[PDB]
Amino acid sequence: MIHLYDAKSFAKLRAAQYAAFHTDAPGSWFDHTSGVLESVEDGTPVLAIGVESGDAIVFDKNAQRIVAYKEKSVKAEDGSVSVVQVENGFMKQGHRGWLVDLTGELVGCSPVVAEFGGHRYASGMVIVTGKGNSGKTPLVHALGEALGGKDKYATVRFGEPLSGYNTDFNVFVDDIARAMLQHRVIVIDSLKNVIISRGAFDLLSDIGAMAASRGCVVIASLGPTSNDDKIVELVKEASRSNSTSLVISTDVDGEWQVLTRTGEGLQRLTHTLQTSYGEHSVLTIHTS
C-alpha cells in the first residue's frame, strides 16, 4: 500500500529499518513470517508468481497450488482494496507477490537472514556473478550451507545440461515458490536460461522483494551465456538492479566481493570472502 510520513514517523521507519539488518536476531524475520503463514486459515492464497505466459499461478501456505478460489477482498489501512480470485488454476484477480501481509507497516527492509564469519547477510536476492568459470556453482553451495547454519539449504536446479535438471520454466517457478514458502536459505542454479518471456521478466523483477518480504535469501548463479568481454556489466547491472546483494569474483583466485543493500535508503556495505577447494570440488569459505 502507500504510506504517509512526516519527519518524526520517517525517522522511526529508518531506525526500524536499520534495526532489521543490524540488531534483530538473524533469522528472526523468517520465523516471524513463518508464524504468519502457519496461522493462515487453510485454502487461503498466500503467494502468486508469474508463469512463462505472463499469467500467475497461486499457492497456499503448504506450497500446494490453488485451482479454484472465488472472489474475496480485503480493505487496507490506506482505503485500498486487494482482491483475490483463482479460476482454472490461474489468477483471475489479484497481484503477483505475497497475497497476505508479512511486513505490516515495516517496509523497505533487508531483514538479516544469517550471520557468518563476522558478517551479517541480508535476506532477499543474492546474485553471484563474474568472469567465466569463476567457480559460481561451488560458491552458491558454500554460501548455501554457511548461511543455512543449523538448517539445511534448499537447492533449486534449472537450465543446465546435467542429469536431472528441470529446463521447463513453469516447473521452475513452482520449485521457487515451494522453496520460499518452506525454507530460509535457497540456492538457484541457475538463471542463465531465464535471461525473454513475461514469466522470466516477472521473476527477475519479483523475486528479491518476495524473498526480502519473507526474510529468506535466494542465492542465484547468473552468468552471461556469451562474451568474456564487457557484457560482464549488462547482466551485472541487471544484477545490480534486481538484487539485494551482489557477490562478484575478483582478479584474485578464490576471492569474492560481497556488496549488500542493508535496507531502504541505507548504506551499502562491502566485504571479501576467501575460499578454497577440498575433495570433489567442495568449496569452503574461510572464516576465523
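The first residue of the shown sequence is 1; numbering continues from there.
| As recorded in the PDB entry, how many deposited residues are without coordinates between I195 and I196: none, 1 to 3, 4 to 9, or 10 or more? | Unresolved stretch here: 10 or more residues.
| field | Per the entry, higher mean C-alpha B factor between 88 to 96 and 143 to 151 | value | So the stretch with the higher mean C-alpha B-factor is 88 to 96.
| query | Can you tell me which stretch has the higher mean Cα B-factor, 234 to 242 or 55 to 63? | reply | Averaged over C-alpha atoms, the B-factors run higher in 234 to 242.
| Of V173, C216, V107, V81, which one's C-alpha B factor is largest in the deposited record? | Highest C-alpha B-factor among the listed options: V81.
| message | Comparing recorded Cα B-factors across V247, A220, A48, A68, which one is largest? | response | Max CA B-factor in the entry, restricted to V247, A220, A48, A68: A68.
| query | Split the chain's modelled residues into thirds by Cα B-factor; is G130 in the lowest, middle or highest one? | reply | Ranked within chain, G130 CA B lands in the highest tercile.
| task | Name the third of the chain's ranked CA B-factors that contains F169, choosing lowest, middle or highest. | result | Answer is lowest: the recorded C-alpha B-factor places it there.
| Assigned third (lowest, middle, highest) for the C-alpha B factor of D101 | Highest third of the chain for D101's C-alpha B-factor.
| task | Sort the modelled residues of this chain by their C-alpha B factor and say whether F201 lands in the lowest, middle or highest third. | result | It falls in the top third of the chain.
| message | Ranking the modelled residues of this chain by C-alpha B-factor as given in the entry, is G43 in the lowest, middle or highest third? | response | Top third by C-alpha B-factor.
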